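Numbering of ligands and ligand atoms starts at 1, following listing order. Along the sequence shown, the residues carry numbers beginning at 1.
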Amino acid sequence: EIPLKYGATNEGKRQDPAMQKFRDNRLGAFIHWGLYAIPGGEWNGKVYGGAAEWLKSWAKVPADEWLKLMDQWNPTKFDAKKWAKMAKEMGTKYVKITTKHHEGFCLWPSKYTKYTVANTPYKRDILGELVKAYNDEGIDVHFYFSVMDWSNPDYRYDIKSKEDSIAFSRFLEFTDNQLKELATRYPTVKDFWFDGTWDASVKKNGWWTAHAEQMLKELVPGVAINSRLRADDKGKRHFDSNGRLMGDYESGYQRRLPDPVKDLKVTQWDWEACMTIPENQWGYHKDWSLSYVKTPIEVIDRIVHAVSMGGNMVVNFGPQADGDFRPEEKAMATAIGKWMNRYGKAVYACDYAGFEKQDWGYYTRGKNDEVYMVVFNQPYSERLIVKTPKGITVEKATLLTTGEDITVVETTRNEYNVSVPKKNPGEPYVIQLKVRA
Ligand SMILES: *[C@H]1O[C@@H](C)[C@@H](O)[C@@H](O)[C@@H]1F
């Protein structure tokens with residue numbers, strides 16, 4: 001059992017009220033908004049297929065050039081109340097915002113750098129207005145923060161000389177300063193979601209990542225901290241050298257989700273997936289025809305998937321340069337909200353139900369031991385196979401929307417056929433089971 005000073009802190013899942021709230025929220029939205037939204041995946045006449053928020057890299061734009069985009073930052077359509085209404089209508093319970101992405105441009109007016117919203121034509125504290133607006137709607141706010149900072153000349157990818165170490169130490173102090181500022185300026189913050197912490201420079205300073213977590217937990221009662229931040233004494237990331245999870249929840253899943261049959265280990269900790277609507281675009285890219293774009297049903301499936309295996313799911317948005325959302329994102333939020341309004345009882349405050357996975361879709365467990373069947377794949381047999389854990393019976397099945405009673409037939413030991421509804425709902429639907437132990 002390797003000794004470590006900067007490994008895991010939490011034993012199992014936190015069950016203080018703040019973490020229960022983080023968990024029970026379940027469905028979140030992500031905001032990627034920064035200077036990259038201006039060029040929108042395109043530099044000086046050449047469109048790049050890579051992720052838009054990383055365009056500075058793909059086009060090899062020097063920091064001094066990249067940051068002049070600040071002079072163009074003027075989102076006249078921006079309206080925080082509207083953003084928050086969109087999120088309320090979508091059924092999102094929390095929103096994660098990029099405070100500062102790799103590019104280093106801050107969405108709040110930081111004291112520790114000129115590269116902020118303050119020194120743009122728009123001037124205003126975007127982050128502050130979002131915090132206020134989402135909170136007004138009863139919506140928690142989480143802070144995405146990139147440790148890697150392409151606008152700070154003290155950042156290092158590795159520590160190779162005395163000179164590197166001098167610069168990076170000062171950079172860690174700079175970073176500390178920004179984090180402390182975020183924490184005291186916006187004390188309703190409920191989560192810090194770190195990114196750009198993979199570089200050798202960070203791995204060699206695991207102590208700093210443990211310090212970062214502890215500092216923020218001291219300034220912000222019950223704040224959550226993602227695993228992506230954390231490196232142990234040896235530079236093992238996410239999970240320490242003893243296989244123990246660091247931070248408060250796992251945050252490696254994006255693009256992929258854990259297998260509902262093979263990866264039930266995820267149910268032993270809190271975790272959160274974040275996903276993009278196209279294949280790999282977080283910030284606004286002007287040309288969505290470049291890769292596969294997920295449909296609403298596809299996204300809702302990933303949402304229910306995550307919850308059925310005891311995880312959060314967060315749907316990304318990359319707002320336009322003008323401060324409005326592309327119509328594909330508006331339709332996504334609207335379609336999701338319509339579904340959530342009919343079926344959210346099976347998502348909010350639900351968890352892993354402990355049943356074997358079946359082809360028609362996913363189970364979730366409600367807080368009062370309700371067991372929802374969420375059907376994405378409608379069997380031609382007109383029967384939904386339910387195999388119960390040892391000790392468990394099905395007493396009733398009810399179509400959530402109508403309250404209509406659903407036929408349950410015992411087929412064998414620990415197994416039932418639950419009938420499809422008499423009329424096909426025509427969309428992914430929920431059947432709620434009443435169970436006895
Ligand atoms: C960190 O991960 C996601 C959420 C994006 O912000 C990506 O650009 C970055 F590398």
Under the criterion salt bridge (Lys or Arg N to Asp or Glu O under 4.0 Å), I'd like the reasoning laid out for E137 against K85: C-alpha separation, chi angles, the key distance, then a yes or no. CA-CA 7 Å; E137 297 280 16; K85 276 272 154 48; 3.4 Å; yes
Worked check of salt bridge (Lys or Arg N to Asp or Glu O under 4.0 Å) between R342 and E427: CA-CA 11 Å; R342 230 173 262 196; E427 49 172 12; 3.3 Å; yes
Considering only heavy atoms of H32, which atoms of ligand 1 have at least one such atom less than 4.0 Å away? 4 (C), 5 (C), 6 (O)
Taking the six-membered ring of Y362, is the NZ or CZ of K357 close enough (under 6.0 Å from the centre) and on axis enough (within 45°)? yes
Quick one: which ligand 1 atoms are inside 4.0 Å of a heavy atom on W198? 10 (F)
Where ligand 1 meets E53 - atom numbers and elements under 4.0 angstrom, heavy-atom basis: 7 (C), 8 (O)
Between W83 and the options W33, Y134, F317, the ring-ring contact (aromatic ring centres under 6.0 Å, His included) test singles out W33
Minimum heavy-atom distance between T98 and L107, given as atom pair plus value: O-CD1, 3.1 Å
Report yes or no: is the cationic atom of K93 (NZ for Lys, CZ for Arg) closer than 6.0 Å to the six-membered ring centre of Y348, at no more than 45° off its axis? yes
What's the shortest heavy-atom distance between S227 and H238, and which atoms? OG-ND1, 2.8 Å
Checking contacts here: is it the side chain or the backbone of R228 that comes within 4.0 Å of ligand 1, counting heavy atoms only? Could be both or neither. side chain
Show me which atoms of ligand 1 lie under 4.0 Å from any heavy atom of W193. 4 (C)
Quick one: does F194 get a heavy atom under 4.0 Å from ligand 1? no
Measure the distances from the heavy atoms of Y144 to every atom of ligand 1 and state whether one is below 4.0 angstrom. yes
Before signing off on this row, confirm whether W54 and ligand 1 have an N or O atom pair separated by under 3.5 Å. yes
What is the closest protein heavy atom to atom 9 (C) of ligand 1, and at what distance does it sit? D195 OD2, 2.5 Å
